[PDB]
């Protein structure tokens, strides 16, 4: 009834032939890689392949956000590619957005965890002085009160009495701040530089802010973020319950669809040394895909 075309390594020319014969294939004829060119995918079939790959990639991306591993469903999506695509676009877009927001919140909350107390301390140390055009400030961390002195010594060596060095204790280190004439900011920086110290940078948006503003935004994000994350997580959960299983079934159908399309393309590209042709009557058709091999690819009809 239906024509079968099979390709594999040359190593398996014989075991392949054998297994086909005994599965019930008939009129078994070896093919030359040459004559497979005809089974070259049409522009139309290449476009289907590309769309199935996009299904694979969008479902993976969605499952990742949702926190489900890609594990082959027993009952894979059975609809058209159009149906698959129509079911997945809204879900993939929502997952993309949710996953991005959730990550931004988590990174935000962690930033506040790391730099929180430091920004509070420094802001206070620099309250009223942190956006004064005639004065320059430098926040920076220092480990020992002994090290702070060496700095105080350097600074005085360099600026006499034209600076203010104050510091607040952190859990381990000390949050320090220097204040100088704006025009001498670099002289102060140089002093830190010669002691192996540097300005404390705050990550992200906070970097380009005055201490005071930075600490205030951190304080409010610390009140708002944790609850916004809850809401994002509830949306993500809701997406899992509504669509987790469908995604898996889509992924599964699409993984196979891609293999099926590529197999044909690779075969036609003479990417295999051994290739056979044969005819399969409805009954035997069962035993043929069972001798699956895994190193070979067929295409029935």
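Numbering follows the first chain given and starts at 1.
Participant: If you average the CA temperature factors as listed in the entry, which stretch comes out higher, 269 to 277 or 246 to 254?
Facilitator: Looking at the record's C-alpha B-factors, the answer is 269 to 277.
Participant: Please compare 157 to 165 with 108 to 116 and say which has the higher mean C-alpha temperature factor in the record.
Facilitator: Going by the record's values, the stretch with the higher mean is 157 to 165.
Participant: According to the deposited entry, which of 57, 240, 42, 70 has the largest Cα B-factor?
Facilitator: If I rank 57, 240, 42, 70 by C-alpha B-factor, first place goes to 70.
Participant: Among the choices 220, 101, 131, 199, identify the one whose CA B-factor in the record is greatest.
Facilitator: Out of 220, 101, 131, 199, the record gives the largest C-alpha B-factor to 131.
Participant: Against its chain's modelled residues, does residue 172's Cα B factor rank lowest, middle or highest third?
Facilitator: Its C-alpha B-factor belongs to the highest third of this chain's values.
Participant: If you rank every modelled residue in this chain by C-alpha B factor, which third holds residue 89: lowest, middle or highest?
Facilitator: For residue 89, whose C-alpha B-factor we compare with every modelled residue in the chain, the answer is the lowest third.
Participant: Within this chain, which third does the Cα B-factor at residue 80 fall in: lowest, middle or highest?
Facilitator: Lowest third of the chain for residue 80's C-alpha B-factor.
Participant: By the recorded C-alpha temperature factor, relative to the other modelled residues in its chain, which third is residue 145 in?
Facilitator: Ranked within chain, residue 145 CA B lands in the highest tercile.
Participant: Sorting by Cα B-factor within the chain, modelled residues only, which third would residue 259 end up in: lowest, middle or highest?
Facilitator: Within its chain, residue 259 is a lowest-third residue by C-alpha B-factor, going by the deposited values.
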